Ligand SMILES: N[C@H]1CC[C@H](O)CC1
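In the block that follows, a single chain appears as C-alpha cells, in the form solved without this ligand.
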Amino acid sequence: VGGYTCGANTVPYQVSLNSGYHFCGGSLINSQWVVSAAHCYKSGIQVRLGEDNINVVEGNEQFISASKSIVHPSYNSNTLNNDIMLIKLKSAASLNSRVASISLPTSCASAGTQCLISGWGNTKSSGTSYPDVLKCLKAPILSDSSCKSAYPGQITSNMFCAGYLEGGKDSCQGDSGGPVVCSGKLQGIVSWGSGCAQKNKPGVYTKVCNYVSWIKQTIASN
C-alpha cells in the first residue's frame, strides 16, 4: 500500500473535491483559493474542508462550493504537462486549527528531500483504515535521473518523481490533485504514475515551484 492512517485533521490544508462523491484532493492556499490538478477539472465542484472520514459528518467540516475554476493555459491532457488548476471558493473559509492554508515555495526542493503525500483512498480499502479516512505517506524526492529512466520520453521540466522505487510505498489513482508537502511548503501535486503494490514506477507530481508566479498573478486578478 505504502502509508498509514494520518489522524483526523493532522493535515489541515487537505481538501476533498466532491461532485456527488469524492473524486480528487487539493490543497487550501488561502481562505478563498484551492490548488488541484488540471486533470481533476469538472463543473459543479464542491470543496470539502476539515474532512477525515469523507462518509461521516464528524463535526469539523466546511462545505463551500467552487465559484471559478482556472485550468493552467498550457495544460496538455495527453502528456499531463502543466497539470495544475486553481479553484476559487464562493465564500471564504474560516481558518482554524483544523483548516489551514499551506504555503507556496519560494524555491524548488532538492532530490533526497523528504515529503508528505496525502489523500484518500489509494484504491485498496483494508490496510489500516478507510478509502474513507485520510492516508499519508512520507517519501523522498527522487533524482531527475531516476524519474526519467523510469519514464523515458515522458518527463518534463514541470514534473518530479517521489516514492520508493522498488515495490516500496506509493499511492494508486484516488489521490489525484492532492498535495506533496516538504519543509512546510507545497512542492507538488499528485498527477500520474504506473502501478501501486507494483514494482519500480514512482509517482509523478506537478512541480509547483515552476508555477508560483502564475498562481500569485492569477489569484490576485480573480
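Residues that one form lacks are left out of the comparison. One rule holds for the numbers: they count along the sequence shown, beginning at 1. In this text, rigid core is short for the largest set of C-alphas that superpose within 1.5 Å between two forms.
Omitted from view is the form solved in complex with this ligand, to which the following refers.
- A residue is said to contact a partner when one of its heavy atoms sits within 4.5 Å of a partner heavy atom; residue 190 meets this definition for this ligand in the deposited bound form.
- By the criterion of a heavy atom within 4.5 Å, residue 171 is counted among the residues contacting this ligand in the deposited bound form.
- Contact check for residue 70: every heavy atom lies farther than 4.5 Å from this ligand in the deposited bound form.
- None of the heavy atoms of residue 35 is located within 4.5 Å of this ligand in the deposited bound form.
- For the options 66, 196, 54, 29, the one in contact with this ligand in the deposited bound form, meaning a heavy atom within 4.5 Å, is 196.
- Just one of 124, 98, 148, 138 moves its Cα by 2 Å or more between this form and the one not shown on a rigid core overlay, and this residue is 124.
- Between residue 61 and residue 128, the C-alpha separation grows by 3 Å or more in the deposited bound form, relative to the conformation displayed.
- The pair residue 22 and residue 128 approaches in the deposited bound form: their C-alpha atoms are at least 3 Å nearer to each other than in the form depicted.
- In sequence order, the runs of at least 3 consecutive residues whose Cα atoms each shift by 2 Å or more between this form and the one not shown, relative to the superposed core, are 121 to 130, 196 to 198.
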